[PDB]
Amino acid sequence: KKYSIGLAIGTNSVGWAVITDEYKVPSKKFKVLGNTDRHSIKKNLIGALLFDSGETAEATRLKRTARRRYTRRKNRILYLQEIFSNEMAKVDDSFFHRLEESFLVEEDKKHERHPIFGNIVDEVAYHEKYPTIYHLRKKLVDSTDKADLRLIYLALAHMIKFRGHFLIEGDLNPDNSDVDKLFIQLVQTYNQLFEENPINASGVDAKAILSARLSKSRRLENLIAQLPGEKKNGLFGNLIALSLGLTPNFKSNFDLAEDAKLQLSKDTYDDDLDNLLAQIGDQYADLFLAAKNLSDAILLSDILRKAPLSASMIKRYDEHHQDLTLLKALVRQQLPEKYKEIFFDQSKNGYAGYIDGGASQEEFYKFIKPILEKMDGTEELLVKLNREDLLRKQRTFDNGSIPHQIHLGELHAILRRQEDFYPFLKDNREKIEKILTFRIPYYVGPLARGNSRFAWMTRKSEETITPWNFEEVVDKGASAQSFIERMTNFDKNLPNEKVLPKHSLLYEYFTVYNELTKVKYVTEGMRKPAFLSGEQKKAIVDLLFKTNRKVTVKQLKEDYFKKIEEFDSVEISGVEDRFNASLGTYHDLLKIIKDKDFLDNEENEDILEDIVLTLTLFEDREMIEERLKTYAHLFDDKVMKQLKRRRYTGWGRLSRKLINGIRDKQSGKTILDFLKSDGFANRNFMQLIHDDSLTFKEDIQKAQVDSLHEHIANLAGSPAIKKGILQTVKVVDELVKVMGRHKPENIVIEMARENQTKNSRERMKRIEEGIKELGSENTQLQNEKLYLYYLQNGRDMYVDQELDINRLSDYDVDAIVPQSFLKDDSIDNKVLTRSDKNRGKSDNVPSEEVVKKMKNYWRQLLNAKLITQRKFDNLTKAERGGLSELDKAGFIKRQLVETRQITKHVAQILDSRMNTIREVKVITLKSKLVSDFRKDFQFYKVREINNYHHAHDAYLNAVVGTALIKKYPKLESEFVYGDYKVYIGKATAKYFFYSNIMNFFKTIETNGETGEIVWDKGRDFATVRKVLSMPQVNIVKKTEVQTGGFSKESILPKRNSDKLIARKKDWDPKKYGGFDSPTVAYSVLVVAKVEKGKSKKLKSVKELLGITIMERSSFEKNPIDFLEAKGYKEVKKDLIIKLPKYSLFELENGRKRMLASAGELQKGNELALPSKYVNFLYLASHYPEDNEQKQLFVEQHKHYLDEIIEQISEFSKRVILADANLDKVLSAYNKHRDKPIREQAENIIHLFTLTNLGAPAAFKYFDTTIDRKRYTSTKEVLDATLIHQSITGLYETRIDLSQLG
RNA sequence: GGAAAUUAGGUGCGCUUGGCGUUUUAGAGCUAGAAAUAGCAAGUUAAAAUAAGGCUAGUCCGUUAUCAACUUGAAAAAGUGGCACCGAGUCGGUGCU
DNA sequence: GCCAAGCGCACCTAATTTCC
């Protein structure tokens, strides 16, 4: 018999069904294993596998990094404590000890409870003189008096432990603090360079503008606005932006050919500036210096106002005191009835909650704001609140802007002050400072000893790596090299050959000749088009591609064919407007080394290939020098300086051994040789690789030498969908064994599209960058119309006119490619215009009329990067011919056939495992075909009822899939791999996919092309309806061992209960608090004896123990010792059953339960509603007129509202066993019986949350809501029937646990 | 179906790094009462931990993927369950071997 | 439990040119 298999792949489900020629679902008796009275059972060959989602590795990685950083932060302190160890023991012997015990309660604390000095008197005095750490810091920076070494350590430790960011490479100058004096100095040096066009900085408040709390882009706009006739994209405008921390491009300001982007924070700025000044002149040298100095002043004034930061923290502390003192007074005098709630009540978001409650600054401001407004004399207070500078703490969320240089400055100062009084401080100055400054390079990674699967570093020595001897022990080279070599692709054609750099000389030679060998030309003398020749190819490369970075068709026509070969009229094919491939690297090195004869000499191909490789591999200037030491004799000093800066990025798709190369046997030529000259053939790369006349094909296939899991894991795509793919393959494989190892006829796959789950800042940056290129709040950009308004510079996209910023609601949002052809609603296919009719045709790409008029305006937006390249091409698609009638057909075809790559991988895998010439055909459809089939023939789907619809979708897929391929034999739907046979009527093709493909279903007996019965409207319709009416479907919930975090991450306060988890072994929760809610990995059946106190006797028990994630490693190593440690003796090891989550149990009257944990159960049954009630619920919930009115009649005619309630009731009273809940359901039901059917049926659907398989959840009926009732007892399970299910659920082993007492 | 180039967007994997949060303790609360309770004073900071912990002791590892049961394999993983027919409230019945 | 910065590599999507 010939059977077919349908598949519905989701992120949490795999639907599957087996189907015969009559479109029916087979039945089979399956063997039942175990110790039960059941030996066989009848099951339909249809079902669904449900599972929890696959997770990404992101959360695991973030925590992995955080673990390393906590370890390394602690080490930094230890490094500092080591240096202080000797001299501290003389001053205080237990100081360091009191620090590492500070967390302990006074009882547990071995030493005296005062960490700093060890007595109450000195300790109180300290906090009295130094309320904050910044008071001490600022003190030690300025004062020249000998200070306590303990106070010196804590000041330095505080700097080390919280050292600030590393976003700014290099030092900053403390002297540059005056924003105005440096601004004027910046303007003056500008006017010195440009007397013809001076800048008046008379009435500009630079400090108020540049140090404003607004964005860099906003502050840039503010300052330029005060300057008449000055542009933001202007030279001075770009100088300000550089000073603000932005990255401007001076390429336009100096009419340069290449980019000249500068950023002061970047480590390569000094070289990029020297690169720029080399071209524009050293007359702008002290101009960028003046801009540099200004940025030093802007940076300081923003985050602070000899120890600027600490002093700024002190001022904040002082003003906090002032404003608090005033705040209490105004309350005592005006609102005394609110004083208790504000300053004593932690529960409220007042000052009390702000200090001791845990309320945030934002929550505190919102609460105290109306209070301030009600009172008077709060004018100076509310202005601070709106400026977010009212009653601020020192340690807050915005301290992240503080560079490490500033903490370093204070640290450096303190060490200098006490360098004389304390000896070892003078020697460890560079040493202590290094602890603060040292940052492990990203290209080095973890400093492992070969025990880390993430590490790649290689050491020079066996010594312990420290911040001081890092370069001595660590080989930066082999570490940085390995960093890139471990990620770079290998050639697919030559699996053992590493791929070439993207900017390789040979590579660009390849790309150019590959394109060049396929262009054609027609002159007046020839009647037929011809390929270029070897001599012609060599000339063009010599004269065009080596004399210009890019080559246009016009350049090919004029500069070559007309100028060199004396041809007036020439027409070029195989290339449009300009060549895609180019020789960029060649022109780069040409400008650098200034030796053309050296470059054109193929004798130095290996040399230049080695240079580009090292420039692509390494970024560090010091690493470049060591890798270019062999070429010191070839280039002068100035040449090497320009070559070290030239660093490339990116890697190609082909290896060197492949391109030039393996030689063909007879010809002796490499692939590149063929691309240079191939007589009349001019075969391109794809033709050479597949040519059986050549030996490239054989050499490649002989070069190619993996588990299914690993292959799937390596595929791109979400781990959620990849998980479903693996289970799909297992379902199919088991189904084959079910069908006696016989392959199916067809496999029809339907894969659901996944869901769409900082953005305003991303959108705001693309606007600011676009406006500045045109010379024209963040949360507001959420709206599509407003966002497009700025994207279109307040102008129409179809008409040359300005749009009103108010009547946005009165204007239209249009789609470039009509919604009928493509299902795209993104901004890449969206346009804000005044009218729909201004686009021209309503069934096509915007007319050539509006294209010819708006082409320029669009290009301006394109060059301003306000619109995508793709969006541009779609806007002007009518210029190239517009949407063809075949294109219209293609868009309809691609609505039925899946296009996604990840789906093609599933089809490819199943095609490789089934066909071993082609026995099985793999078909991949979209959900549209089945969905329309359900809507057309009233096979309505209601997901909230049960999970059967997953199996239904799979069933309907195989039906529609195999019937369409039988009725109309075409293979644009069936998957083919590597066996592609390269080889009007579109009006019919468009009409074909538009209707006729589903029409042969509509109505009597449809036949195939050669007398083959395909669809019988008399019987096959009832067959499908019968299938969807089957009460038995194999629904399997994939049982899984829970992994991940030990518990919830929230550390709870101390409590008297013993439910809390200890954060450390010695930290009892009663005194220190801890975690709650431990996560259970899996449960274990335990049949043993337990001591029944206090008789010291034994009583045999049968219990369910939950093995938590934390305990799992301990348990699995030695379970019997583990169980004995918890009070379980006389343990029957043979009765230890592993019970992961979702383990299935059957009880009385067929009710099933699944394990959610060792103490909670879930509902294990499905409510199989008849199809009649299903269609009624769909229609009544959704409320051609001649066709829609008739369906409204049956809706009105039927009284099913009372019958569905009876269905749920019978199910609930039998299986759900929720007495109190169900009674509230029935009472609230008839309560709203007066409400219309649409309002009734829509709430009836909500009621199925009561009967849904899985975890109990709350559901509401109108205004009446119902709390969820979960099963908090697992005692029932112990005397029930455990059911081990295979992935399909067809093969099951059931264990009667009642015989294990 | 697949490959290369050109433009761009987007997603992931890995590394390096900053700032919060949380938890315990330190920062002597005072006065009036026999005490529960009132009147006030005060609050901004720090230490330490930040999965338990582990060994190979590294400035390393510690939350992804994968997992029914029963037989096998170092492993990857591979093996193990008779077929039609008639019905349908979760699968049942009848018949063949 | 959250927010933020930087670097590299790989992949997918989406139109053009040339091919298998």
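Every chain is numbered from 1 and lettered A, B, ... according to where its sequence line falls, protein lines coming before strand lines.
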Checklist entry - Is it true that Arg392(A) and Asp398(A) have a side-chain N and a carboxylate O under 4.0 angstrom from each other? => result yes

On the nucleotide [N], are OP1 or OP2 found under 4.0 Å from the side-chain N or O atoms that [X] carries?
X	N	value
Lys722(A)	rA65(B)	no
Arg453(A)	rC60(B)	no
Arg76(A)	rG18(B)	yes
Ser452(A)	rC61(B)	yes
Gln394(A)	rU45(B)	yes

Checklist entry - 5'-most contact on DNA chain C: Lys1048(A) or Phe483(A), nearest heavy atom basis? => result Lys1048(A)

Checklist outcome for this item: Between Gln687(A) and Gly650(A), whichever has its closest DNA chain C nucleotide further toward 5' is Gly650(A)

Item to check | Pi stacking test for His690(A) and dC20(C): under 5.5 Å apart, planes under 30° | outcome: no

Would you tabulate the pairs of protein nitrogen or oxygen atoms and nucleotide nitrogen or oxygen atoms of nucleotides 47-49 of chain B closer than 3.5 angstrom?
{"from": "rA47(B)", "atom 1": "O2'", "to": "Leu99(A)", "atom 2": "O", "distance (Å)": "2.4"}
{"from": "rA47(B)", "atom 1": "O2'", "to": "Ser102(A)", "atom 2": "OG", "distance (Å)": "2.9"}
{"from": "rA47(B)", "atom 1": "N3", "to": "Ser102(A)", "atom 2": "OG", "distance (Å)": "2.6"}
{"from": "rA48(B)", "atom 1": "OP2", "to": "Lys161(A)", "atom 2": "NZ", "distance (Å)": "2.6"}
{"from": "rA49(B)", "atom 1": "OP1", "to": "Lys74(A)", "atom 2": "NZ", "distance (Å)": "3.0"}
{"from": "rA49(B)", "atom 1": "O3'", "to": "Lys1064(A)", "atom 2": "NZ", "distance (Å)": "3.4"}
{"from": "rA49(B)", "atom 1": "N3", "to": "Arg1063(A)", "atom 2": "NH2", "distance (Å)": "2.6"}

Interface polar pairs with nucleotides 74-82 of chain B, N/O, under 3.5 angstrom:
{"from": "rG81(B)", "atom 1": "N2", "to": "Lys31(A)", "atom 2": "O", "distance (Å)": "2.8"}

For nucleotides 27-29 of chain B, list the nitrogen or oxygen atoms of the protein found under 3.5 Å from its nitrogen or oxygen atoms, one pair per line.
{"from": "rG27(B)", "atom 1": "OP1", "to": "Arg113(A)", "atom 2": "NH1", "distance (Å)": "3.3"}
{"from": "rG27(B)", "atom 1": "OP1", "to": "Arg113(A)", "atom 2": "NH2", "distance (Å)": "2.9"}
{"from": "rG27(B)", "atom 1": "OP1", "to": "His114(A)", "atom 2": "NE2", "distance (Å)": "3.1"}
{"from": "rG27(B)", "atom 1": "OP2", "to": "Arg113(A)", "atom 2": "NH1", "distance (Å)": "3.0"}

